[PDB]
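Residue numbers (UniProt numbering), protein chains in the order written: chain D, 24 to 190; chain H, 192 to 249; chain Y, 59 to 525; chain A, 59 to 524; chain E, 36 to 101; chain Z, 67 to 553. Where is the CB? At the ideal position from N, CA and C, for every residue including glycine.
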Amino acid sequence: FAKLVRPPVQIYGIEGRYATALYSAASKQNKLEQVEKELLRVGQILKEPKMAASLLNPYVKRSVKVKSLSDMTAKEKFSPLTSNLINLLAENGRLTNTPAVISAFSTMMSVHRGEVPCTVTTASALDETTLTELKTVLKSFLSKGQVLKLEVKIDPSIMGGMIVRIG
Amino acid sequence: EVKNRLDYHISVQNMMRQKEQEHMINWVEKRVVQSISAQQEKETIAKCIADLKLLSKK
Amino acid sequence: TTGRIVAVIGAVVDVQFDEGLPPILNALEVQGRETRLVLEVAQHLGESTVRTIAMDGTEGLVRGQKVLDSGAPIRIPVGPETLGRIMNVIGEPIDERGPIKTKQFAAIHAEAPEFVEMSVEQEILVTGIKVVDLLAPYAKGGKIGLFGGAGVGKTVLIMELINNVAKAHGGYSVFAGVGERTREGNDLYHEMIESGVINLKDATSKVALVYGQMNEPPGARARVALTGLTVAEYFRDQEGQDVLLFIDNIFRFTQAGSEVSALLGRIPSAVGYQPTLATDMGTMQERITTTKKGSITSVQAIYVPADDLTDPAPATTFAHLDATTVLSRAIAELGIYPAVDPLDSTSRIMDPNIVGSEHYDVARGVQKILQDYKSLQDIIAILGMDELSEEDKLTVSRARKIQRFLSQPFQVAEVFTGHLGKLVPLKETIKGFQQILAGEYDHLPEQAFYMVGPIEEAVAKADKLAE
Amino acid sequence: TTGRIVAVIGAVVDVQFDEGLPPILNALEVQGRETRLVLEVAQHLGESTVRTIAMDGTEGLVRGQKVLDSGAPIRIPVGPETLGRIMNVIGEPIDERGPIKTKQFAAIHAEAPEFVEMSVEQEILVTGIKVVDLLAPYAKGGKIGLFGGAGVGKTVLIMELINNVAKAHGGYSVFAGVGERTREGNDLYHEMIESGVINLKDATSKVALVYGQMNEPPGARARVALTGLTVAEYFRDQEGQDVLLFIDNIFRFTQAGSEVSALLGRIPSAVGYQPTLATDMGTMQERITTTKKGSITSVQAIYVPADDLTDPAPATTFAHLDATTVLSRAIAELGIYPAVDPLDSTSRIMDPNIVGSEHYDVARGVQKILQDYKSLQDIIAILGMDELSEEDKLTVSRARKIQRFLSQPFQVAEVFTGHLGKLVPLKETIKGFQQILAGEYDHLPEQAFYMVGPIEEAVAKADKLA
Amino acid sequence: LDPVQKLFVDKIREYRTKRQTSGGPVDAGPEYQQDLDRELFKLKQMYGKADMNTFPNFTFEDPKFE
Amino acid sequence: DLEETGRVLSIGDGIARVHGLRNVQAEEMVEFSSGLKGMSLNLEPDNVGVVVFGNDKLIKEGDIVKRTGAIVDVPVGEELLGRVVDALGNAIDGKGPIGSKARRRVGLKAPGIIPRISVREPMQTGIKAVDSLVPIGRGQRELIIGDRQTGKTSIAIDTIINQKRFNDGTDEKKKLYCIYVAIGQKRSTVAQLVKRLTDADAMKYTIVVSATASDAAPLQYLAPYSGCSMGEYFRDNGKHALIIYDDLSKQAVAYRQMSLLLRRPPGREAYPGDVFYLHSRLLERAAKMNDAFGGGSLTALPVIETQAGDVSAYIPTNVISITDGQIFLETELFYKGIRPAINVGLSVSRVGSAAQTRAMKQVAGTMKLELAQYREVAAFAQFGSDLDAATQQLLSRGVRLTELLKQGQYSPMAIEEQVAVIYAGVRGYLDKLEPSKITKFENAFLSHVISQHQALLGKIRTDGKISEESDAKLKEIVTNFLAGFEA
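And the structure:
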């Protein structure tokens, strides 16, 4: 057994169970950002076909997938151990899943713990702070060109039906 | 024998009020809803209050 | 250790503790559950999660809610204080008469005695209801199964039984009303109150009551069974006694076991029954016995699933049963109280090797004859009477006398009987039946033998009816 | 919106809609498809993937093919111009009388009229087929469920009923041939053609045909109920018509639901019978009604699966009904024709005053006597074909006669029977039996009542015997 | 949002406008009428064709007696 | 909304797998973005299995699932007396808005033992047979069981109708607020039902919770519990409620269906195990209570419609293990014209006498017994004959008695009449009389004592029982009346 690091995000299983591993891995040593970043970099460095979807053939087998993606951490220069967990997604086919696993991981720094608004809100963007919708108040109360095709129009809708909804 | 005649007159006035009410409602609401957002500030006036939510809910 | 609700799919609460996952069975207490939320760990599901069963009804819960493990399985009050008190499963006074002052707690699991402790040869538990004892000579520690027509004063009999032995021989009783109708436990309750067997002025009402009525989780209701066991274990070992464990219904328990299984994701075998139906049974039944310290004689009320008993479980159950109470509404209908089915209420233990050979013979002779009379009814039914021998007549009458002699007045139900019940010292009983069999009274009215207590008293009643 | 076939597993086409999804029950048209491959959106599986159901065949499909969502469920023609036009389920003809043309279009789902819309009384529909009237006296607007042997006299009856009533009846009728074997519909058609009730100079015939046979892939079969309803709802309300509605076999629909469930990633309920079953019912049955703007007066053939009703489906079914005619295959087996189960030629529009008692009682007496005759069979089982207490014999005989008197020629199956069907309008019917009951006829002989209409004719037939 | 009452204004306006231009189905146009006319007849059917502006009165007699 | 909302994780089948809301209560009814409600049954790892009460055409995925943050409660009051509502308790009657503006958490405990108190109360239904042989009580539960259109409903209805007099029966615990749970009952059927009720306007003291098949399954499922809540309310308002759960058969179906859709283990006979518990908890919620608590009642009439012999069917079996007795109705008998239908022999009231009127005990005791005896020998012969006179009488009588337990539909009765007429037969009076003319008698007589001996009837009623004196009169009345009835 081990220390179990459940930092906000956390995929709540669902194949960032590695992420949860790695949240405790990351957290151990706090190579948090490094690896967080490793992962970004990696992220498309992999995710493009470029040797990578070729290597994401099934048909190439971990005979040497273990010897070329893995040895793409070798092929790359990342891997402070970040390949090793690759080599696991490697069997565990999670490579195709990874962005999201990274997402969950990241989000970014304190960004690790974001938030985007909704109900009557129009607004897109994360929240890194403690108490909030101070900032959101001051986020709206920033610009005023603004959208409502970036979220809620309270307009068609909220109460646009309601009177109707009474009759 | 009397009562039934009375209930018809009342019942018709009720039924007609609703049958106007929905059509009047749809006709009004389909008319003036077409305006409104030209004043984007039906939008702002609530961002105003919605901000008095964003503040004054927590 | 605290765990977090990770999943609630019904009362399967999957809890993730990032903190120790103790052994299975551990009662966990949910933090944030203002009514005692026992979770019994059911699985260590793996990856910091355990599968639990709420032993209670769920609500309000949030995924993540904090649960603090009680670090042991469910522990319950054990001790005298239960006698004349109704506890629920968790032990909590569903007497609703404030708490019960115990100190001795027990985790409700317990085990089968380990082999050496086996008092190797059981010995008759004396029912003292002549007939009962006779035809089913129970074994101290024995499992008695009760097949039976409900509420005949089923309960009356039971009450009476408790009375008859557990008073007489100072034993104790447990009634674990499992899955029962709250109403029926209620009825009973007052009935005991009424009987005085429950005394409210004494919590040494010869029965401790535990009820786990049909409204708890099946397992929970099921576990009321363990609870009762745990208590009875207290009285046997600790109180050195013959505890009587009156159980209603072991079936309902059974169903309950099976009920969780599915949900437990199990493949619960035949009839849907838990595959572990047997193990459940075994382990509990094996908990029941006669220790050297005493007996837990288990009197198990038996609901007739599918009006059948070959329903694999009862069928199995038979293995555990050793004395069978088949109650006879027919015997009742004849006004005969005892209303027992005689020739089916039997005890395996019945032997001459065992339970006296005399007793035995008398019994077998009796059974035989009772059956023989039984035959003759059939004959006579069609053939009138005294188209046949007077030996048949004699026997008929004797049988009938014996029959009547089986009828045993009843002791609190002066209200029903207009008589007072009586208890019968064994030997005179054996003797008793033999004597009648020996037809040594053949000039006394048989109606005398009706609602007789011990055979002398039957002689006494004989006299009075003989004017 | 567009999708690509991403996966085809049977007629479940899981389409990943490339664009964002469109609502469930959005009818999808596969683009470039052979012809019209309607897929009905069933689930938004996520992944902007839907589980869809092809209604149609899945031969020849690229697992990428582009599909364009129609963005709603079906729009289907509904309008008068359909009657005598046989449409496939998908609205489209199969009359092949060119295109049917309606101006009004529809999502084949439709609503289940409200409690408040409930028209609070229905009054007996009669057929003059004695047995019906008697045993299962229908209510005009009723959901009549013909529990019945397979397509036996079911079909016959239905047709005949249609004849008797739908003719008489000035309102429209709809036949929805559900899971039918095409041939019978061909036939059916031909009868109508022949009769001219399918007027071919009226595409607003007295009867609209929708046929949605077994040969379709499931979805189509599945959906044909909704369709039929939609048309009929149109027909009912708008023109205010009493639609007479044939669904044969709703069972085969049911069968279709049940068929799909697994594949629909669901599991069914028991015996394979779909997990959604009740709601499925609720929604169909409740979709039909008999409005305040007419009736969908329904004779729905119900195959009694394996002639077993214990069977959940029928078990459910009953609730929705108004009068159930359960044909007794045994009776049929007695050669009897009408071949009914009389005791189960029933009506919830029967109970003492829901038919009224003459009939009821007459029936109760009758029911009694036959049942009793059954009871007596037990005696006979020991004692013989002419043996018992005589009275009993009378009653037995009366039962045997009665039985026969219930047998009636068939117009439809005059071909088979050799004698054309009859009408005993109700009074003469009740009376008829009442007389026999009166033992009036007793002197008379039973088989003279076999295959008769009016009771006199049976008497007549007795003379005809000797 | 914030506009509570300024929305209600927008709705309010048309209610008065129609009333102060009453005629046919009110800006609805014939379409309301076509339904109305049927509905009014149907309701007559529920009470039969007994006039509702009349007051009824009749006499009533006697039969066989003993 | 920072978060007060979640996104529909997946949808298909009206089962919304719900992303977010984890904060969520347990057993929260939630609100979907469509205004539709759903219920979060399973807050399972990554989603909430939320049952959709509406249709998933309406819904779409990622849809905002907004907390309602609420576990269902139901509006409560008694203004539903005089109302037909849906399962939540929303007008469906079309009477405009309801009146039960008190609300009550549906989640309500079953009464404790001490809260409970046994029965000593009758309660009547006017059904001769029923009230006689399984003399009706309050606070109870009783399975009404029989096949499709046993007038199944009819049977119940006439009972409801019977309660009219009881609501006219100003003893307050002899005034009954009636609760009708319609499970899976087509609106048309219901429409009829209601229609009866209307006519009967029993409805004034009555909630009709009406869940037609259309209702989503959980709704239908839920409804009884809801109904139950409302009756417990009355019970707790020392008020005496009657809930008819008609029918759990449909409920179960739905519930399983639900389970399955939830991809959750159902159980035995393909049905969930704790559908027993479901009901158990439901029925545990019905009671006869200590008076101290107003000691109201919730009398439960569950209905299960047999498919015959499939009582073995898990749920009936369940119910059997639960029940306070069962009313077996014999359709065959019905066909025989024996209406009431009843398979009396299998019908049982486990309780019996506490729910019985002494009155009834006086006439009935013997009869119950007589019928028993009668019945086996009733079954004997009839081989165009029978044999010894003794028994022949019993049969004759018996046959009469059979009529006596009969009753046409739409004919609930008052106990005094009932006892009365029974008294006659019991007292060996009309065993002379021949069967059509029994029926005739019965009427004649009945209207007669009502007419004449309303005095006496008054007395009997008054005493709550026959008195030997009342008897003496009765007998006298009867004998002459009888004489008149004949000659």
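Beta-bridge pairing of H102(A) - partner residues as DSSP gives them:
Your numbering for residue 102(A) matches position 44 in the fourth sequence. In DSSP, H102(A) forms a bridge with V108(A) and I77(Z).
Per DSSP, cross-strand counterpart(s) of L303(A)
Taking the first residue of the fourth sequence as 1, we reach residue 303(A) at position 245. Partner(s): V232(A) and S356(A).
Confirm, please, whether the CB-CB distance from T372(Z) to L209(Z) is below 7 Å.
Position 143 of the sixth sequence, counting from 1, holds the residue named residue 209(Z). Position 306 of the sixth sequence, counting from 1, holds the residue named residue 372(Z). No, the Cβ-Cβ distance between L209(Z) and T372(Z) is not below 7 Å.
For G511(Y), which residues from the same chain have a beta carbon less than 8 Å from its beta carbon, with the 5 sequence-adjacent residues on both sides left out?
Looking up residue 511(Y) in the third sequence gives position 453. Closer than 8 Å at Cβ, skipping near neighbours: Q466, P467, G479, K480, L481 and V482.
Here's a check: name, in chain order, each residue in its chain whose Cβ is nearer than 7 Å to the Cβ of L119(A), leaving out the five neighbours to either side.
Locating residue 119(A) in the fourth sequence gives position 61, counting from the first residue. So the qualifying residues of the chain are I63 and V66.
Quick check: is the beta carbon of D357(Z) nearer than 7 Å to any beta carbon in chain D?
Along the sixth sequence, one-based indexing puts residue 357(Z) at 291. So no, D357(Z) is outside the interface.
Cβ neighbours of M339(A) in the same chain (closer than 7 Å, five flanking residues each side left out)
On the fourth sequence, position 281 is the one that residue 339(A) refers to. Same-chain partners within the cutoff: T374 and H378.
Which runs of the alpha helix (DSSP H), 4 residues or longer, sit entirely within the stretch 269-320 of chain Y?
276-291
Please say whether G115(Z) and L328(Z) have beta carbons closer to each other than 7 Å?
Here residue 328(Z) corresponds to residue number 262 of the sixth sequence, with the count starting at 1. Here residue 115(Z) corresponds to residue number 49 of the sixth sequence, with the count starting at 1. Cβ distance < 7 Å, so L328(Z) and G115(Z) count as in contact.
How many whole angstroms separate the CB atoms of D79(Z) and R324(A), which I take to be in contact at a CB cut-off of 8 Å?
Taking the first residue of the sixth sequence as position 1, residue 79(Z) is located at position 13. Taking the first residue of the fourth sequence as position 1, residue 324(A) is located at position 266. With a Cβ gap of about 7 Å, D79(Z) and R324(A) count as contacting.
Could you list which residues in chain Z have their beta carbon closer than 7 Å to that of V66(Y), in chain order?
Along the third sequence, read from residue 1 onward, the residue named residue 66(Y) stands at position 8. The answer, in chain order, is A92, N108 and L109.
Less than 7 Å between the C-beta atoms of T341(Y) and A164(Y), yes or no?
For this step, residue 341(Y) is matched to residue 283 along the third sequence. For this step, residue 164(Y) is matched to residue 106 along the third sequence. For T341(Y) and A164(Y), no; Cβs fall outside 7 Å.
Where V224(H) meets chain D, residues with beta-carbon distance less than 7 Å
If you number the second sequence from 1, residue 224(H) lands on position 33. Result: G183.
Note down the Cα distance separating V136(Y) from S346(Z), rounded to an integer number of angstroms.
If you number the third sequence from 1, residue 136(Y) lands on position 78. If you number the sixth sequence from 1, residue 346(Z) lands on position 280. Straight-line Cα distance between these residues: approximately 29 Å.
Going by C-alpha distance, which of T432(Z), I179(Z) and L154(Z) is nearest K167(Z)?
Working through the sixth sequence from its first residue, we reach residue 167(Z) at position 101. It is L154(Z).
Rounded to the nearest angstrom, how far is the Cβ of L512(Z) from that of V492(Z), given a contact under 8 Å?
Taking the first residue of the sixth sequence as 1, we reach residue 512(Z) at position 446. Taking the first residue of the sixth sequence as 1, we reach residue 492(Z) at position 426. That pair is no contact at about 16 Å.
Shortest alpha-carbon distance to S254(Z) belongs to which of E436(Z), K270(Z), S280(Z) and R416(Z)?
Within the sixth sequence, residue 254(Z) is the residue found at index 188, counting from 1. Measuring from the Cα of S254(Z), the nearest candidate turns out to be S280(Z).
Taking DSSP as the reference, what is the three-state secondary structure of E97(Z)?
Taking the sixth sequence and counting its residues from 1, the one referred to as residue 97(Z) is at position 31. The answer is strand: DSSP assigns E97(Z) an E or B state.
In terms of alpha-carbon separation, which member of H417(Y), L495(Y) and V420(Y) lies closest to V454(Y)?
As a first step, residue 454(Y) is located in the third sequence; it is residue number 396 there, counting from the start. Of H417(Y), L495(Y) and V420(Y), the residue nearest in Cα terms is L495(Y).
Do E297(A) and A168(A) come within 7 Å of each other at the CB atom, strictly closer than that value?
Locating residue 168(A) in the fourth sequence gives position 110, where the first residue counts as 1. Locating residue 297(A) in the fourth sequence gives position 239, where the first residue counts as 1. Contact flag unset, no.
Assuming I481(Z) contacts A425(Z) under a Cβ cut-off of 8 Å, what Cβ separation, rounded to an integer in Å, is found between them?
Residue numbering aside, residue 481(Z) sits at position 415 when the sixth sequence is read from its first letter. Residue numbering aside, residue 425(Z) sits at position 359 when the sixth sequence is read from its first letter. About 7 Å separates the two Cβ atoms, so the contact holds.
Listed from N- to C-terminal order along the chain, which residues in the stretch 92-126 of chain A have their beta-carbon within a distance smaller than 7 Å of any beta-carbon of chain Z?
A100, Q101, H102, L103, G104 and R109
Using the beta-carbon of each residue, which ones in chain D are nearer than 9 Å to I236(H)?
For this step, residue 236(H) is matched to residue 45 along the second sequence. Per Cβ cutoff of 9 Å: no residues; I236(H) is ~11 Å from chain D at best.
On the DSSP bridge list, what partners appear for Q459(Z)?
Here the question's residue 459(Z) lines up with position 393 in the sixth sequence. None; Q459(Z) has no bridge partner.
Suppose you measure from the CA of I144(A) to the CA of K316(Z); what does that come to, to the nearest Å?
Counted from its first residue, the fourth sequence places residue 144(A) at position 86. Counted from its first residue, the sixth sequence places residue 316(Z) at position 250. Roughly 37 Å separates the two Cα atoms.
Can you find at least 3 beta carbon pairs, one from the stretch 254-269 of chain Z and one from the stretch 172-181 of chain A, that sit closer than 8 Å?
yes
State whether the stretch 391-408 of chain Z contacts the stretch 236-250 of chain Z, with contact taken as three or more CB pairs (one from each stretch) at a distance under 8 Å.
no
Outcome for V87(D) when other beta-carbon atoms lying within 10 angstroms are tallied against a minimum of 16
Counted from its first residue, the first sequence places residue 87(D) at position 64. The residue is exposed, with fewer than 16 neighbouring Cβ atoms inside 10 Å.
I'd like to know whether the C-beta atoms of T116(A) and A69(A) end up nearer to each other than 7 Å.
The residue you call residue 116(A) lines up with position 58 of the fourth sequence. The residue you call residue 69(A) lines up with position 11 of the fourth sequence. Taking 7 Å as the Cβ cut-off, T116(A) and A69(A) qualify as a contacting pair.
For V384(A), report the span of its beta strand (DSSP E) as first-last.
Your numbering for residue 384(A) matches position 326 in the fourth sequence. Counting along the chain, the beta strand (DSSP E) containing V384(A) begins and ends at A381 to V384.
The beta strand (DSSP E) that contains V71(Y), what's its start and end?
By 1-based counting over the third sequence, the position of residue 71(Y) is 13. From DSSP, the beta strand (DSSP E) with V71(Y) extends over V70 to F75.
To the nearest whole angstrom, what separates the beta carbons of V301(Y) and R294(Y), a pair I think is in contact under 8 Å?
Taking the third sequence and counting its residues from 1, the one referred to as residue 301(Y) is at position 243. Taking the third sequence and counting its residues from 1, the one referred to as residue 294(Y) is at position 236. Going by Cβ atoms, the distance from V301(Y) to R294(Y) rounds to 5 Å, so yes, they are a contact pair.
Closest Cα partner of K240(Z) within the set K305(Z), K427(Z), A268(Z) and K541(Z)
Locating residue 240(Z) in the sixth sequence gives position 174, where the first residue counts as 1. Nearest of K305(Z), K427(Z), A268(Z) and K541(Z) to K240(Z), Cα basis: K305(Z).
Leaving aside the five residues before and after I526(Z) along the sequence, list all residues of the same chain whose C-beta is less than 8 Å from its C-beta, in chain order.
Here residue 526(Z) corresponds to residue number 460 of the sixth sequence, with the count starting at 1. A425, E482, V485, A486, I532, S533, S536 and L540, listed in sequence order.
Thinking C-alpha only, which one of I308(Y), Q123(Y) and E87(Y) is nearest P111(Z)?
As a working note, residue 111(Z) is residue 45 in the sixth sequence. Here the closest residue by C-alpha is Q123(Y).
Given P30(D) as reference, the closest of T155(D), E38(D), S47(D) and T159(D) once Cα atoms are compared:
By 1-based counting over the first sequence, the position of residue 30(D) is 7. That would be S47(D), whose Cα lies nearest to the Cα of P30(D).
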